[PDB]
């Protein structure tokens, strides 16, 4: 079992560098402008020139400008990046029949049968890196190891524009030295619950009862961390299928007025249906971000598919339910369609 994980470097900004080469060398910041006020919004991603100074995804646009008032700030263009992403995704296929597209910029390849080992795999790595670089002018980092989890950790260590392998030998070392937090699927919330338990390393999960681990971080997470530590993690490369489609927007200002919120809600629905393109959902959820950044949601599943007319009237009821069951204002309103026929 050999897995080759491909991760496109600072993807959104790099695509902007490609569509306009004169941006190379300068700090590029791709952000999302919320409408709320002068430069309100967050940074979606930035190139490394910008990351050297603390400007990264997540921080407010207003914060990035204080640090880098002369960097190039560009509005995110998701559609463009998706098409470029797809074209790259179609190149990888040719290197493997078993391909799992994790996200718009990550993918896992089952190259167990394309090679026989870690020399031909590494070589297959460069083979792909160059193919992509020449065809799309995009640099990507490649990680290679026995399973998906370590493959990804390989790229995490290699990026940007790198390629690294983690032989069964080094896997044994990491399962003992690697900060559990750096393990995919382990965010801050989980990384902490693990420290209070004394688990600062993958192996440490072996020195604890499974029942306390289940109790603290959940069964699914417990078995995951344990198998990995036991060095028996072996998840296959599957074809992820879209289970849901939605869209959430930010309002000009918070509010609890149905008539002031509807337009944004309807706009979110219109876009969601456009993206459904032929897909018919039987379930609908209205999602709302409260003034204090809380996420509330009310939904409903129908025994039949949902028409735009139904979604329209139903979303208003779920929005009214939200308001009747939560005093806070709404900062962002949206919808999500699931359970496709």
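What we label the rigid core is the largest C-alpha set whose atoms superpose within 1.5 Å from one form to the other. Residue numbers count along the first chain shown, from 1.
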property: Core-fitted comparison in 8 other deposited structures of this protein, 112-120 vs 201-209, farther C-alphas; result: 201-209
property: More variable segment, 326-334 or 15-23 [Cα RMS over structures in 8 other deposited structures of this protein, core-superposed]; result: 326-334
property: Mean C-alpha B-factor comparison - 109-117 and 153-161, higher one; result: 109-117
property: Entry-level comparison of average CA B-factors, 290-298 and 310-318, reporting the higher stretch; result: 290-298
property: Per the PDB entry, maximal CA B factor within 199, 80, 222, 101; result: 199
property: Among 254, 86, 188, 244 - the residue whose C-alpha B-factor is largest in the record; result: 254
property: Chain third (lowest, middle, highest) by recorded CA B-factor, residue given as residue 67; result: lowest
property: Relative C-alpha B-factor of residue 27, binned into the chain's lowest, middle or highest third; result: middle
property: Residue 90 CA temperature factor, ranked by third within the chain; result: middle
property: Ranked C-alpha temperature factor of residue 73 among modelled chain residues, by third; result: lowest
property: Ranked against its chain, the third holding the CA B-factor of residue 132; result: lowest
